[PDB]
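Enquirer: I am attaching a structure below and will ask some questions about it afterwards.
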Amino acid sequence: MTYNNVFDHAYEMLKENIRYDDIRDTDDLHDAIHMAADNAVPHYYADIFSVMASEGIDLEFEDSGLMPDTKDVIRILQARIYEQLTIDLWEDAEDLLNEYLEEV
Amino acid sequence: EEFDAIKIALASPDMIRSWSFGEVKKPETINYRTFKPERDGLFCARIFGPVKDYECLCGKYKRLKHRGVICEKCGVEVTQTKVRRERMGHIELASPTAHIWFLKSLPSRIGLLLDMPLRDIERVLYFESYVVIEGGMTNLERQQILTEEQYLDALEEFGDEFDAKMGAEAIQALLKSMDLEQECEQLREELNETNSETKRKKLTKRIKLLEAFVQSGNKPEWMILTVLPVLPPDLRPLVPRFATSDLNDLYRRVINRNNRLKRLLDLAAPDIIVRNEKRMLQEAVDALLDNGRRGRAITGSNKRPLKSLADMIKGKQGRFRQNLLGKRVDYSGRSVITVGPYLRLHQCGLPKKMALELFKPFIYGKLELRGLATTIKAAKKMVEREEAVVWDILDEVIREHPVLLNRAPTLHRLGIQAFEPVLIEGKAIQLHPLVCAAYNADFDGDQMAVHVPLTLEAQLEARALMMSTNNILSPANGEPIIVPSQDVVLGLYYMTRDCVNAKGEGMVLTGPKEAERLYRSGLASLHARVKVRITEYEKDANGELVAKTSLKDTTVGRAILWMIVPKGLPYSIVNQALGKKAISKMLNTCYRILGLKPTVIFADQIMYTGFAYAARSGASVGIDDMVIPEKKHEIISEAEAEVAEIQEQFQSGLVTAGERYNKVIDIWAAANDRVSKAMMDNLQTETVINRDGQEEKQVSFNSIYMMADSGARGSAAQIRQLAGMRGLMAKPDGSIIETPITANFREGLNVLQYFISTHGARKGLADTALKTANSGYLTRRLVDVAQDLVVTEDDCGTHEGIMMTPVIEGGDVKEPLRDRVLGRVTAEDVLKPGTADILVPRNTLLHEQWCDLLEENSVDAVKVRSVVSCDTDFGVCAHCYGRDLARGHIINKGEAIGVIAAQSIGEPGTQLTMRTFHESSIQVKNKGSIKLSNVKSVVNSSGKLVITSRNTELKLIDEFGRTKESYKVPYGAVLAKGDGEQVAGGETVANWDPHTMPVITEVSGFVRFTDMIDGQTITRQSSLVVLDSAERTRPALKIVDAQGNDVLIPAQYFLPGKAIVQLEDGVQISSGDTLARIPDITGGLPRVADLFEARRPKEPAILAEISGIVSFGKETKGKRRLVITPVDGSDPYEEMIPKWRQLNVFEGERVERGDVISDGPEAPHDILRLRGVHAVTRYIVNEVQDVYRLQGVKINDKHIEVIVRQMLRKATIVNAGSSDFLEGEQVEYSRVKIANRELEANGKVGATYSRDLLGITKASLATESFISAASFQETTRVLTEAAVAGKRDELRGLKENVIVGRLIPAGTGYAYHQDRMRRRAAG
Amino acid sequence: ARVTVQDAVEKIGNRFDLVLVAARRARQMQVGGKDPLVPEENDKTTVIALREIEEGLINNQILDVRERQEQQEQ
Amino acid sequence: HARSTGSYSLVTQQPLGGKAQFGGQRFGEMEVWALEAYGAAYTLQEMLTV
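Chains as they are written, first to last, in PDB author numbering: chain F, 5 to 108; chain D, 15 to 254, 259 to 936, 947 to 1049, 1057 to 1068, 1075 to 1091, 1097 to 1125, 1133 to 1376; chain E, 2 to 75; chain C, 1244 to 1293.
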């Protein structure tokens, strides 16, 4: 899998959650973005390392408080991908909140 | 005080410090002392103006008799709206200021400039004891973040040479000292040094943001918000209750936090409590500026804030918030539709109750001028008591005045039309019956709106540009306009229908004397086979009438209508039954010949005679008019018997389910077609009353057959549904249900049959319910993508033309060439009926004479001086559009062509029914010799010639010079006819199925080693298959010539998947053998919004170069499948395909730059970058026209082509440019710079050419300005980018002059806009 | 009365500057400078000016000559 | 309903429409585009200002 298909599935699950919940506010949009980045996660390990190998991602991150301290590598990688998906779904759902209100 | 450009950016703080006033410290309550809030409280007395005409702010000096006095308590002056730009409250507050343009907007201005991560931007507040400002003996970083104990350790260890502040003002203490001219050059050298994925992902765009910020000329120290700007209460909405879901909640919160801060800074409180008050002050201030910042969830009512201080520019994220919302326009009204058919096309009505107060100042002015009402109060006593004088003035004004009418949903340009009012008793307007169907509004309670134009030029444009007598030929459609329905066509069909046995048969009589005979007695209107006098005029010279007389065989009603027919018209348009199409073509001929005024008068007279003789005709349906077919029950019984016997053999075990389904489909189709034929041939010849022949086939006197033969709205399906069976129709797909429904409207329906009927009806209503959001949202994007269009050039001067190749398929043409000749103007290369000569001097209009000239010549397609190509480098020109409006003149400069083009796309797509309901040979229908063009002919040993190519084109000269037969043969077929063999039509020329595309081999010889395995490629129960690519997954190479010869002496041997090839190994067969037989939601959509989003296909095609030799290795390798043999080998460029369709690249398909379709439709990104611009444009136009002819609504090609031109924005130019390295550049701004690169004669200054597909939605939501492309956007994130970039607008776009309001450059005022060109430049 | 201005479309090559010509004519007809040659049957001054343009006695050039001779006589 | 010189409101400089005789359909962007498409837009400029 690539970064683009996983991100498309991410905001697809996000817009399905918006159509299911009928969310108008931005402060209620942000919790839906966090729950949608909590959703739509791959269980194949090869896809998880393929997200880390594809473009549109960096090794260094801005926040270090969300980085866990454990011997599990997949938990640290899942937290990093979760933070990146929250940032990217916020950046590409700020417009989608207006688009959904302008559809219906 | 004029204005030219509007530039919004962050100004200098020195003007704010010069305007520093106000006392907004303590939140005292509102008192009732001087009927307004007092000093130093809620709505403090500093920034107030006079709430009445002339006053002070306390009950003091500055009466109207004295001016220019400084106030005693306050600092306000006498004059209004000029002191208010100076007296604004500028008090320093919250030194940890808000930086929400780095929080709310996606780029960060203050964060990316000082190398600050976004997590630190989100964590500015709740901070831990300051950031160390750099100095002399400082060891750590100038932007190093430390904790409280670490900062205390740094404070006790550093000592001397250390100046820092407490809160977040220290960053401002850097920004006051920021004279930086070094770090941005280091960042751009780092950007030009390396290029990888860690610099592309959100580093390159912020580096270019810093480049645009450092070159804007503004200082970074101007970004410091030292003070809090307070708006004046006179400019804000005044509220003396006073707080009801408004600004006052956050207002009193900010003033209360300010009072707590000032009190604890004056009383010397400890650090923790003042830190808590400063962070609560910051939580008040940032919520006062911009709500949310991804936190502070909304509780609901007044305990939580709703309207902030910057929420005035956008309170609602819908369509009406401060961006020129829908204003309630005065001198207007709303009215209810009816119809009065007694006025002309120029005349209409208006209610008495509305029109008495639509012209109040006109009646007042006439009463002042006539000298009867000397005062305005006397004018009120004359108007509001209804004396006869104001009735005469009302009659004088209403008789000559243009009044606009429109609809509240207005999705066409035809909605706003001016008419002339008439005083009619009642309070309901009527609508003219040649206008009602143009508004698409039936008489079902729809409500229209009435507007009154108020100036000289508005009345002149209402009487000259916008009415019904100057909007003809339907520019949204390009088809005939308004011929009525169900009444005028019915009357003109009844009065012109011939029938035998007339009263007083065979009279010789003149023209008007038939109306003399018909009105009294003893004459019928049918009147067949009688020769009378008729006078017909013709025109052969330059508008000269030829006086002729004739004795012609006609009826009474046709010869009465011949007086209604004007002077010069042909006669063959009268002798028919005169249905709807006959009146439509008669209107087309009279509009083509006699002009505009005679065809308007003649359409008015058609309306008059139709609604005057519809009462004389008489329509009637009843219990005996519905003809029951006498052979209905026998057909129903034999069909039920056939279905019963076939389901008996079905349950016997011989027929499968899908076979029973298709048999049910075609057998019930045969059944209700037999019922339809039975009611037809029992409906034709019922009337046998005649004269002198005593047996004659005559048209029956039933009404349903007359409304069916009239063809206005009555079709054949409703005719077979009324008197015959209803049919079989399902809800989800419109399928045919196997349960028998043999009902009729003459008999009693079953419960379950009516239940399936309401299945069908509710499914049809659920399908038609989609038309609201489909039409309301698409036209928004279609108009918003075509905003910046100013037509400003008449001399176009281009060389590249467009080959107008139609979509001709079959014998009879589907889309003709005559609609493509008219309109656009062809280029300098067109030909006469003579061979190899020229026809135009490159400036020639194209209509019916020149259409006949371009029809009689021998050419398949011509090139057109037209759009997009080279564009004159000054606007869009005029020869690309030509003539599509009501006037035949060329559409000159200053006309909004794109706004007409955007509304002319999905005008009535509306998804009519069931989402537009979504051979085994090649049979020809036209004669002519077959010449194989672009076909690799391989001689077969069987005696025939197979087609080993995919492209097939042919030009035919039989009657016309244009071709009528292409018949694109699929790849891998057997042509039954040789090259150059005459065909007579109706004969199969290719004996191969079109659904199967195999690969015919190119060379004979020995079979490539593809030895079998048990279960891998063979299936055993010659017919011995050797290779199956779809089963194994290709391990195949080029075959030898005879035994082992190479193929270098005159591109890969293929086999299809899941097939059983009859050719085995060691057979030595010849060249040219054919291999084995084995090779709805998308089409239902309008397919318009997905092309604007730049959609991605499922599988892209394979692109290559001129060297297009292909080969394959093993089944799979370490890399992906199909490592490419072409491209790589002469030019290093690789491609990776995980999974696609089967490869069809062979020697028959020539591969060049811009390769043919190999694996599905290729995306138009690479098709625009590599194939061409006009190819992608014509492909998009042909796909949209194929969708529209599948739907059944014809549209305009020029409008779709202008829309595709608007899709051509946001290209990435060649890196050999001035400050350009793979940058998304505007296409118009790139083609302005052609002359700058031509005069300098350097390839380093500008790029050569570029064109990218990048989305029409993104091009419509991100334009050259910030005022436009902001309706369906967030205003704050656009204004912050416009303030950081410092970009002006120059007031040129159409949406810009809509929102701001000036002389709009579209229409009649563009020359007035050119007067501005005479005002600024050399004026 | 003054339904279509097709005769001025045939005479004057453009119809968008025709609106400015008609407004410039109608303001001079309603303020003063020339007596109305068309009698007020049922029309106002702008309709009389549009009918005078339809008859073919005024265009952009004649109004430019009229404006220059009114600015010369002052 | 119809209104020539009726009482206006201070909310965005427009009348309300209810509770009395105030006419005029809410002049939306679709009618703006309909005036923008055909002949000219002096009618738009004179109905959006005065």
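Even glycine gets a Cβ: it sits at the ideal position worked out from N, Cα and C.
1. CB-CB under 6 angstroms to D/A920, same chain, minus the five flanking residues each way: which ones, in chain order?
2. Can you give me the Cβ contacts of D/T161 inside the same chain, cut-off strictly under 6 angstroms, excluding the 5 residues immediately before and after it?
3. Go through its chain and collect everything with a Cβ distance to D/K781's Cβ below 6 angstroms, but skip five positions before and after it.
4. Please return the same chain residues whose Cβ sits closer than 8 angstroms to the Cβ of D/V1285, not counting the five positions on each side in sequence.
5. If I follow the unbroken alpha helix (DSSP H) through D/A1122, where does it start and stop?
6. Which partner residues does D/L569 have in the DSSP bridge list?
7. So for D/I950, helix, strand or coil by DSSP?
8. Does the beta-carbon of D/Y679 have 16 or more other beta-carbons within 10 angstroms, so that it is buried, or is it exposed?
9. Let me know the secondary structure DSSP gives D/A687 once reduced to three states.
10. If we ignore side chains and look at the alpha-carbon of each, how far apart do D/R1067 and D/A735 end up?
11. Would you decide whether residue 10 of chain D is buried or exposed? Buried here means 16 or more other CB atoms lie within 10 Å of its CB.
12. Just the chain C side, please: which residues come within less than 9 angstroms of D/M372 by C-beta, in chain order?
13. So with Cβ pairs under 7 angstroms, would you call D/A397 a contact of chain E?
14. Got a sec? Which residues, its chain only, sit under 8 angstroms from D/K557 by beta carbon, not counting five neighbours each side?
15. Using a Cβ-Cβ distance under 7 angstroms, would D/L478 count as near chain E?
16. Against chain E, with Cβ distances strictly below 7 angstroms, would D/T487 count as a contact?
17. Just how far apart, CA to CA, sit D/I394 and D/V440?
18. Work out the CA separation of D/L1156 and D/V1002 for me, nearest whole Å.
19. Can you find a C-beta in chain F that's less than 7 angstroms from the C-beta of D/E211?
20. What is the DSSP secondary structure of D/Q435, reduced to helix, strand or coil?
21. By the criterion of Cβ-Cβ separation under 7 angstroms, what are the contact partners of F/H34 in chain D?
22. Check distances from the C-beta atoms of the stretch 56-67 of chain E to those of chain D and list, in chain order, the residues that come in under 8 angstroms.
23. Would the beta-carbon of D/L107 fall within 7 angstroms of that of D/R297?
24. For E/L38, go through chain D and note every residue whose CB falls closer than 8 angstroms to its CB, in chain order.
25. Tell me where the alpha helix (DSSP H) around F/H34 begins and ends.
26. Among D/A436, D/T567, D/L796, D/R322, which has the Cα closest to the Cα of D/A302?
27. Indicate whether at least one CB of chain D lies closer than 7 angstroms to the CB of residue 1223 of chain C.
28. Using a Cβ-Cβ distance under 7 angstroms, would E/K12 count as near chain D?
29. Decide yes or no for the touch test of the stretch 372-381 of chain D against the stretch 454-466 of chain D: beta carbon pairs closer than 8 angstroms, at least 3 of them.
30. Which residues of chain E have a Cβ atom closer than 7 angstroms to the Cβ of D/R1371, listed in chain order?
31. Start and end of the beta strand (DSSP E) containing D/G103?
32. Can you grab the Cα-Cα spacing for the pair D/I221 / D/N153, in whole Å?
33. Indicate whether D/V1240 and D/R1140 have their beta-carbon atoms separated by less than 7 angstroms.
34. My output table needs one value for D/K964: the three-state DSSP class, helix, strand or coil.
35. Given a threshold of 16 other Cβ atoms within 10 Å of its Cβ, counted over all protein chains shown, does D/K598 qualify as buried or as exposed?
36. Closer than 9 angstroms between beta carbons: that is the criterion. Which residues of the stretch 1304-1335 of chain D meet it against chain F?
Expert: For this structure:
1. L800, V801, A804
2. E142
3. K749
4. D891
5. Where D/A1122 is concerned, there is no enclosing alpha helix (DSSP H), given that its DSSP letter is neither H nor E.
6. D/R551
7. The three-state reading of DSSP puts D/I950 in strand, counting E and B together.
8. exposed
9. helix
10. 52 angstroms
11. In the structure as shown, chain D begins at 15 and stops at 1376. Residue 10 of chain D is therefore absent and cannot be evaluated.
12. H1244, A1245, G1266
13. no
14. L563, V564, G586, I611
15. yes
16. yes
17. 27 angstroms
18. Rounded to whole angstroms, D/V1002 to D/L1156 spans 28 angstroms at the Cα level.
19. yes
20. strand
21. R312
22. none
23. no
24. Those within 8 angstroms of E/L38 in chain D number zero; the least Cβ separation is about 18 angstroms.
25. It spans 30-42 - the alpha helix (DSSP H) in which F/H34 sits, taken as one unbroken run.
26. D/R322
27. There is simply no residue 1223 of chain C to check, as chain C begins at 1244 and stops at 1293 in what is shown.
28. So no, E/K12 is outside the interface.
29. Cβ pair count under 8 angstroms is below three, so no.
30. Ordered by position in chain E, no residue passes the 7 angstroms Cβ test against D/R1371, which lies about 14 angstroms from the chain.
31. 103-106
32. 28 angstroms
33. yes
34. coil
35. buried
36. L1314, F1325, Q1326, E1327, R1330
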